[PDB]
Amino acid sequence: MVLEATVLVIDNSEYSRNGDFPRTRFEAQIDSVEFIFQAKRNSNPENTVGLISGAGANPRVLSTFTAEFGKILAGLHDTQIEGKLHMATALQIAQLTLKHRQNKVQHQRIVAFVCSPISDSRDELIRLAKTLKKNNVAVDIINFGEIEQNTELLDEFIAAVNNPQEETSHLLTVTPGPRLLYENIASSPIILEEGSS
Amino acid sequence: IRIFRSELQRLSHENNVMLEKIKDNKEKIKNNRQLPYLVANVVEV
Amino acid sequence: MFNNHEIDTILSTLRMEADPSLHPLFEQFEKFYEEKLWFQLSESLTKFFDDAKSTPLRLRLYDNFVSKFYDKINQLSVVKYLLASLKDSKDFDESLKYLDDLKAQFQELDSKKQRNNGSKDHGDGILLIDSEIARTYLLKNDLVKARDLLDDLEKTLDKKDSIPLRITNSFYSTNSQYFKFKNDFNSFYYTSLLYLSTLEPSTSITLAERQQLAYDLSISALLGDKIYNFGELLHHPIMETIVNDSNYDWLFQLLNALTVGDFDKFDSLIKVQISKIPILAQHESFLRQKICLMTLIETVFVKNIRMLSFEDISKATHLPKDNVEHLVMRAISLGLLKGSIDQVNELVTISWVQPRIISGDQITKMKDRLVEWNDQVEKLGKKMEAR
Amino acid sequence: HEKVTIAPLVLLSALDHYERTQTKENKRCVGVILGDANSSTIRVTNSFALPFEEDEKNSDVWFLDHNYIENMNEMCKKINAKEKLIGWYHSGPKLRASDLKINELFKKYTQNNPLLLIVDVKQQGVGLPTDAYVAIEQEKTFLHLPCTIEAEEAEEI
Amino acid sequence: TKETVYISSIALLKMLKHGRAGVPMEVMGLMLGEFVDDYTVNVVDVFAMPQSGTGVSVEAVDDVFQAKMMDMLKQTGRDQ
């Protein structure tokens with residue numbers, strides 16, 4: 001039903017200084033990889049899940065698209081929880097990752113964990129908006145932060161990157177406290193449902 | 001039933017990492033050994 | 001304006017849900033001083049941008065809250081501030097009483113939070129204990145017992161790998177403290193430059209601490225000539241970052257005193273403690289000649305002729321003619337310079353030395369020599385190429 | 001210090017990577033080398049290439065995949081067991097943010113210090129198009145090491 | 001008609017170095033290139049191949065390790 005590639009982006013900022021929301025934080029994103037990989041690769045073929053980091057310690061590629069979720073779990077290790085944030089770097093790392101992959105000429109999706117409003121440059125996000133539209137790239141923004149962070153340059157990125165209907169962005173707000181991270185992502189359009197074209 | 005299943009999945013997956021690692025090693029260790037073994041005697045260890 | 005009493009109390013309730021597992025005495029010490037303006041270890045958030053030199057009564061309070069400090073703000077508050085910031089309190093009643101909080105307590109945190117490399121950035125779990133190992137004997141008795149513990153920190157420096165350079169320089173600050181109260185400041189001047197010399201990103205301190213850092217650099221270059229001269233700190237952001245009064249001009253005074261040759265100008269700006277040692281006047285005359293020694297490569301003569309007489313160094317160093325022969329013997333014997341002198345024609349031809357980073361007329365004469373190398377390309381080179 | 005001995009096959013094949021794809025100045029190729037780094041004389045008996053992508057206008061944009069190295073190392077285990085990763089090489093004289101950061105990724109599979117090699121694709125001037133450098137800190141300081149060309153008996157003939 | 005193989009100086013040296021060590025020891029390698037039947041023949045890149053228990057054979061070629069090298073050799077043009 002849905003054939004797409006998933007790219008997990010790890011972005012941190014000064015708003016990420018909280019390390020435990022209910023009993024933990026940033027440790028739930030490790031276990032959520034198993035639920036995302038099982039609901040995509042094991043559910044239907046031609047669905048691959050990669051991992052990159054555009055902020056925190058170093059803006060590098062943690063793990064590329066593989067056939068198992070264990071290699072993605074090794075990429076999440078050795079990652080600074082509090083560090084610098086670069087928005088324009090994470091978008092270019094995924095574009096180079098999605099350029100070389102298996103089963104080309106398909107739909108592409110980027111799943112980014114956004115803990116901060118990400119205020120850097122307005123014109124830089126506009127020039128990078130039309131770049132991802134030509135390759136049919138779907139950038140999904142998940143908000144954690146402190147309660148809800150919106151009505152800023154973060155939401156301006158969603159409206160500026162959308163020429164089509166389902167191929168660009170989906171908003172998901174995670175409520176702090178004892179909440180299931182994989183359940184809010186599964187019920188969201190991020191996993192299967194809409195976005196396929 | 002709750003915490004044990006979280007750590008069991010990590011050890012079970014790591015056991016599969018060495019499983020695929022030895023799977024190619026089992027094929028090499030058996031094939032690299034020459035089946036027509038020749039009689040020999042070691043004079044000094 | 002109260003950062004700890006008001007800003008720290010309000011923001012502590014909003015961060016980490018409701019409170020970071022605060023104790024009923026958290027608001028007790030805040031209302032203790034009231035308007036007395038005693039911050040006393042502002043405890044993480046406020047403490048980052050706010051410093052407290054007062055003697056804290058909460059030293060043993062937040063030690064159990066370290067588990068909540070990581071999930072609230074950062075884990076660097078323990079290594080940068082709090083138990084490691086005790087040196088700013090300047091309380092003599094804590095001597096050798098910090099082994100529980102600053103030594104034994106870190107061992108309990110090493111078995112829970114940071115086991116090896118820790119979390120977030122690196123460097124945590126190393127500077128914690130290693131900073132207070134040498135500081136044990138830096139107070140109380142003589143520094144002799146502290147030197148035996150300095151080698152243990154140098155062994156861990158090569159084994160451990162830390163991204164920030166402040167941990168490596170922190171081990172050099174303890175080595176420099178050993179030579180601060182001891183003579184032969186040449187070794188003290190070498191260890192002082194290791195802490196901060198040219199490094200921009202490391203050794204981040206306030207403006208008031210830059211003057212005290214240059215104070216140790218002012219007394220280090222007095223009794224020894226090693227590693228260039230007072231002119232080396234001029235290029236580095238040290239001399240230009242301090243004030244020219246309050247006996248901080250000792251670097252500036254002796255810089256121009258080499259060409260002038262007047263000891264009474266520097267003697268009037270100092271005290272009797274450092275002016276009663278003849279070594280100060282003995283090694284100062286070397287830098288007066290060392291400036292002339294730098295002229296033996298390319299300065300005046302463009303023929304590459306190295307010549308230095310006794311008359312040029314006699315008026316510059318304020319020394320008589322009979323002591324010129326005895327001055328050269330003391331320089332080679334102490335390892336200051338190498339070479340030989342001519343006692344017949346009264347000439348000096350030296351050996352390998354340490355030329356400074358100076359420029360202008362120096363680089364102007366060195367580039368003109370390379371032109372002579374290039375002019376010989378048009379002279380000897382064109383003849384051999386055609387033949 | 002240490003020494004670096006590079007076989008003539010590595011320096012000959014590294015320059016060929018530039019002409020085949022007609023790479024412009026906006027892209028710079030990166031590759032890996034093999035040998036024994038345990039001794040004081042670094043010997044390079046093998047070399048490979050990597051699908052490295054880089055942006056010229058942005059020094060913060062680079063792409064390097066370590067999974068291709070894992071599948072390649074498993075192939076060498078059935079060929080030569082004495083070949084391990086001693087470092088990596090890149091193309092172009094310029095050292096930018098993309099070139100200095102990727103040196104740490106190869107330190108995971110390399111026990112000793114990865115050898116740094118700056119390949120000149122235009123071979124302009126003097127000899128030795130690829131200089132051998134070592135990474136050491138007191139800020140990363142790259143020091144020049146003596147470069148010698150020595151090969152085996154069958155390779156030189 | 002018979003082909004005339006033109007081997008580049010780079011590929012000729014690699015094939016000699018891979019099959020170098022030892023008299024009894026046998027190895028195997030793969031040759032790459034792009035040429036057309038009758039003339040135009042050439043050899044671009046060559047690299048060693050993993051050896052099975054039978055030594056030189058058809059089943060000793062591993063397409064798993066070979067497919068990973070295709071994306072690696074494509075960046076520098078070595079893929080053929």
# chains A, B, ... in the order shown; residues from 1 in each chain; ligands from 1
$ closest_atom_pairs --of "chain D" --to "chain E" --cutoff "8 Å" --atoms "only C-alpha atoms" --output "tab-separated table"
residue	atom	partner	partner_atom	distance
D:9	CA	E:13	CA	7.2
D:12	CA	E:10	CA	7.0
D:13	CA	E:10	CA	6.4
D:17	CA	E:76	CA	4.8
D:18	CA	E:76	CA	6.9
D:20	CA	E:77	CA	5.3
D:21	CA	E:77	CA	5.5
D:29	CA	E:76	CA	7.2
D:49	CA	E:72	CA	6.3
D:50	CA	E:72	CA	5.2
D:51	CA	E:75	CA	5.0
D:52	CA	E:75	CA	7.3
D:68	CA	E:68	CA	6.4
D:71	CA	E:65	CA	6.2
D:72	CA	E:65	CA	6.7
D:74	CA	E:65	CA	8.0
D:75	CA	E:50	CA	5.7
D:76	CA	E:50	CA	7.0
D:77	CA	E:50	CA	8.0
D:78	CA	E:50	CA	5.0
D:79	CA	E:50	CA	5.6
D:154	CA	E:17	CA	7.1
D:155	CA	E:17	CA	6.3
$ closest_atom_pairs --of "chain C" --to "chain D" --cutoff "10 Å" --atoms "only C-alpha atoms" --output "JSON lines"
{"residue": "C:163", "atom": "CA", "partner": "D:139", "partner_atom": "CA", "distance": 9.9}
{"residue": "C:165", "atom": "CA", "partner": "D:139", "partner_atom": "CA", "distance": 9.1}
{"residue": "C:168", "atom": "CA", "partner": "D:138", "partner_atom": "CA", "distance": 9.6}
{"residue": "C:199", "atom": "CA", "partner": "D:139", "partner_atom": "CA", "distance": 9.2}
{"residue": "C:201", "atom": "CA", "partner": "D:139", "partner_atom": "CA", "distance": 9.2}
$ closest_atom_pairs --of "chain A" --to "chain D" --cutoff "7 Å" --atoms "only C-alpha atoms" --output "JSON lines"
{"residue": "A:61", "atom": "CA", "partner": "D:64", "partner_atom": "CA", "distance": 6.9}
{"residue": "A:64", "atom": "CA", "partner": "D:65", "partner_atom": "CA", "distance": 7.0}
{"residue": "A:89", "atom": "CA", "partner": "D:61", "partner_atom": "CA", "distance": 6.2}
{"residue": "A:92", "atom": "CA", "partner": "D:61", "partner_atom": "CA", "distance": 6.3}
{"residue": "A:93", "atom": "CA", "partner": "D:63", "partner_atom": "CA", "distance": 6.5}
{"residue": "A:96", "atom": "CA", "partner": "D:63", "partner_atom": "CA", "distance": 6.4}
$ write_last_selection --atoms "N, CA, C and O atoms" --output "PDB file, in the first residue's frame"
ATOM      1  N   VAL A  61      26.570  10.402   9.252  1.00  0.00           N
ATOM      2  CA  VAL A  61      25.587   9.361   8.973  1.00  0.00           C
ATOM      3  C   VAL A  61      25.810   8.240   9.978  1.00  0.00           C
ATOM      4  O   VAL A  61      26.844   7.564   9.951  1.00  0.00           O
ATOM      5  N   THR A  64      23.223   3.545   7.555  1.00  0.00           N
ATOM      6  CA  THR A  64      22.501   3.637   6.298  1.00  0.00           C
ATOM      7  C   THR A  64      21.334   2.649   6.305  1.00  0.00           C
ATOM      8  O   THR A  64      21.040   2.007   7.317  1.00  0.00           O
ATOM      9  N   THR A  89      22.113  21.422   7.662  1.00  0.00           N
ATOM     10  CA  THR A  89      23.030  20.304   7.479  1.00  0.00           C
ATOM     11  C   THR A  89      22.289  18.973   7.454  1.00  0.00           C
ATOM     12  O   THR A  89      22.598  18.104   6.631  1.00  0.00           O
ATOM     13  N   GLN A  92      20.696  18.210   4.061  1.00  0.00           N
ATOM     14  CA  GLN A  92      21.621  17.817   3.005  1.00  0.00           C
ATOM     15  C   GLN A  92      22.189  16.422   3.229  1.00  0.00           C
ATOM     16  O   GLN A  92      22.507  15.725   2.259  1.00  0.00           O
ATOM     17  N   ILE A  93      22.329  16.001   4.489  1.00  0.00           N
ATOM     18  CA  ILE A  93      22.817  14.655   4.771  1.00  0.00           C
ATOM     19  C   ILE A  93      21.809  13.614   4.301  1.00  0.00           C
ATOM     20  O   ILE A  93      22.179  12.588   3.718  1.00  0.00           O
ATOM     21  N   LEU A  96      21.796  13.272   0.419  1.00  0.00           N
ATOM     22  CA  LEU A  96      22.868  12.414  -0.071  1.00  0.00           C
ATOM     23  C   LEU A  96      22.633  10.958   0.305  1.00  0.00           C
ATOM     24  O   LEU A  96      23.052  10.054  -0.427  1.00  0.00           O
TER      25      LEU A  96
END
$ select_by_dssp --residues "chain E" --states "strand (DSSP E or B)" --output "number ranges by chain"
E: 7, 29-31, 43, 46-48, 52, 55
$ select_by_dssp --residues "chain B" --states "helix (DSSP H, G or I)" --output "PyMOL selection string"
chain B and resi 3-32
$ interface_residues --of "chain A" --to "chain B" --cutoff "10 Å" --atoms "only C-alpha atoms" --output "PyMOL selection string"
chain A and resi 31+68-71+73
$ write_last_selection --atoms "C-alpha atoms" --output "compact mmCIF listing (two decimals), in the first residue's frame"
# COMPACT_ATOMS: atom_id res chain seq x y z
CA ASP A 31 13.16 1.16 21.63
CA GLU A 68 17.70 -5.22 10.28
CA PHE A 69 17.01 -2.75 13.07
CA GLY A 70 20.06 -3.77 15.11
CA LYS A 71 22.47 -1.82 12.93
CA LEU A 73 20.44 0.73 17.25
$ interface_residues --of "chain A" --to "chain C" --cutoff "8 Å" --atoms "only C-alpha atoms" --output "ChimeraX atom specification"
/A:17-21,57,78-82
$ residues_around --residues "residue C:354" --least-positions-apart "6" --cutoff "12 Å" --atoms "only C-alpha atoms" --output "PyMOL selection string"
chain C and resi 225-229+232+290-291+293-294+297+336-338
$ closest_residue --among "A:122, A:40, A:23, A:77" --to "residue A:154" --atoms "only C-alpha atoms"
A:122
$ atom_distance --atom1 "atom CA of residue A:175" --atom2 "atom CA of residue A:111"
17.8 Å
$ interface_residues --of "chain A" --to "chain E" --cutoff "12 Å" --atoms "only C-alpha atoms" --output "list in words"
residues 99, 100, 101 and 102 of chain A
$ write_last_selection --atoms "N, CA, C and O atoms" --output "compact mmCIF listing (two decimals), in the first residue's frame"
# COMPACT_ATOMS: atom_id res chain seq x y z
N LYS A 99 19.97 9.69 -2.06
CA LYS A 99 20.41 9.67 -3.45
C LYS A 99 20.92 8.29 -3.85
O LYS A 99 20.59 7.80 -4.94
N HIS A 100 21.71 7.65 -2.99
CA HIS A 100 22.24 6.32 -3.23
C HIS A 100 21.53 5.35 -2.29
O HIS A 100 21.75 5.39 -1.07
N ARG A 101 20.70 4.48 -2.84
CA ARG A 101 19.93 3.52 -2.07
C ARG A 101 19.40 2.45 -3.02
O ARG A 101 19.74 2.43 -4.20
N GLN A 102 18.55 1.57 -2.49
CA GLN A 102 17.97 0.48 -3.27
C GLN A 102 16.52 0.81 -3.61
O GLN A 102 15.82 1.47 -2.85
